[PDB]
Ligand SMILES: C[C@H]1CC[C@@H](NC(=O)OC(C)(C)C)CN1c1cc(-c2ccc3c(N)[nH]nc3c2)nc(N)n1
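The data below hold one chain only, encoded as structure tokens and taken in the form solved without this ligand.
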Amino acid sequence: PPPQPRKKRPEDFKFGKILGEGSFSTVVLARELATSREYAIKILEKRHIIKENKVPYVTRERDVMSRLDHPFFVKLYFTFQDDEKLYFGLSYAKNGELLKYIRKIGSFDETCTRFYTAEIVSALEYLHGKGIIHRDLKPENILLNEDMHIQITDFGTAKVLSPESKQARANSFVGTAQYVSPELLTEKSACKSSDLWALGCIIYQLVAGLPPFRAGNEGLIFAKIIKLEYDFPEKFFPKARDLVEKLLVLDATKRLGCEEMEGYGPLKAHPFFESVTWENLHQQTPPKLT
């Protein structure tokens, strides 16, 4: 086989605190003894994922993450298993979820909204260029590294579209109610443009402090999405409002940035992004949130 480092094993690490608990996974900070490097190790119990029919999501996460090579994504460095567990060695995003910052500060100023929006747009341009739909983009899945650059995660519900068939639509029903696109609800398929709908909701949330479609329960949220039933608060940055209006469009072929709208060029050219230097965002110093 191709030359590669020795496969790792649990005894190669000292495990420390739990960083997160999921319904079928747990993430633990670990130090690799031989290097002193720190990883976030996602651990899944084989019996549990077998019983709860989660193996396809686990295999999907490994397959999609292994294809990514870009600074705005959590990195999958290695995987291994033992008799009871599967292990993913991921980069550790020390500053946690973007959602945490929205909640603490209430909403972002225009400079920070623009910067973080531009990072997300650049990450989506990369993903869509590889024919990958995220399908569950939301602030909880946009992590922040030590330098406050984004690290998008949660690829177990992502989809690699088939280049051989020029596949544009994916059929699995996945996502989170507040960010799900109208085409997934009504046509039961998603496309790359479904991520641009989620982007619109995220920009709105950064400025307004709440996602645009919101209610106590999921069904009520769905009813608002399909009617495009939302409003802006009064002081919303005007160019950001124009951008959100060009993303939160019911017809998935009419969202700025989608292929039918001639792609990322026109989206990056939107007036909200006038000052952005798109070429090397990950090398730029992020603006301070407070």
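From 1 onward, residues are counted along the sequence shown.
- Between 78-86 and 172-180, it is 78-86 that carries the larger average Cα temperature factor according to the deposited entry.
- 115-123 and 161-169 differ in mean CA B-factor, and the higher of the two is recorded for 161-169.
- Of the candidates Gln151, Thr186, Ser194, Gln205, the PDB record gives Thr186 the highest C-alpha temperature factor.
- In this PDB entry, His282 carries a Cα temperature factor that places it within the middle third of its chain's modelled residues.
- Placement of the Cα temperature factor of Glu140 within the chain: middle third of the modelled residues, per the deposited record.
- In the PDB entry, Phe222 places in the lowest third of its chain by CA B-factor.
- Among the modelled residues of its chain, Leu250 has a C-alpha B-factor that falls in the middle third, as given in the PDB entry.
- In the PDB entry, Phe13 places in the middle third of its chain by CA B-factor.
Note that the form solved in complex with this ligand isn't included here; everything after this is about it.
- Contact with this ligand in the deposited bound form, defined as a heavy atom within 4.5 Å, holds for exactly one of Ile225, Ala30, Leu248, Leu44, namely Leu44.
- The listed set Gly16, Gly22, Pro266, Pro10 contains one residue whose heavy atoms approach this ligand in the deposited bound form to within 4.5 Å, identified as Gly22.
- In summary, the region of this chain contacting this ligand in the deposited bound form, judged by heavy atoms within 4.5 Å and restricted to 183-191, 85-93, 111-119, 196-204, corresponds to 85-93.
- Mapping the unseen interface onto this chain, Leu143 counts among the residues with a heavy atom inside 4.5 Å of this ligand in the deposited bound form.
- Contact check for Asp154: a heavy atom falls within 4.5 Å of this ligand in the deposited bound form.
- Taking the partner from the other structure, this ligand in the deposited bound form has no heavy atom within 4.5 Å of any heavy atom of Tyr230.
- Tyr57 belongs to the set of residues with a heavy atom inside 4.5 Å of this ligand in the deposited bound form.
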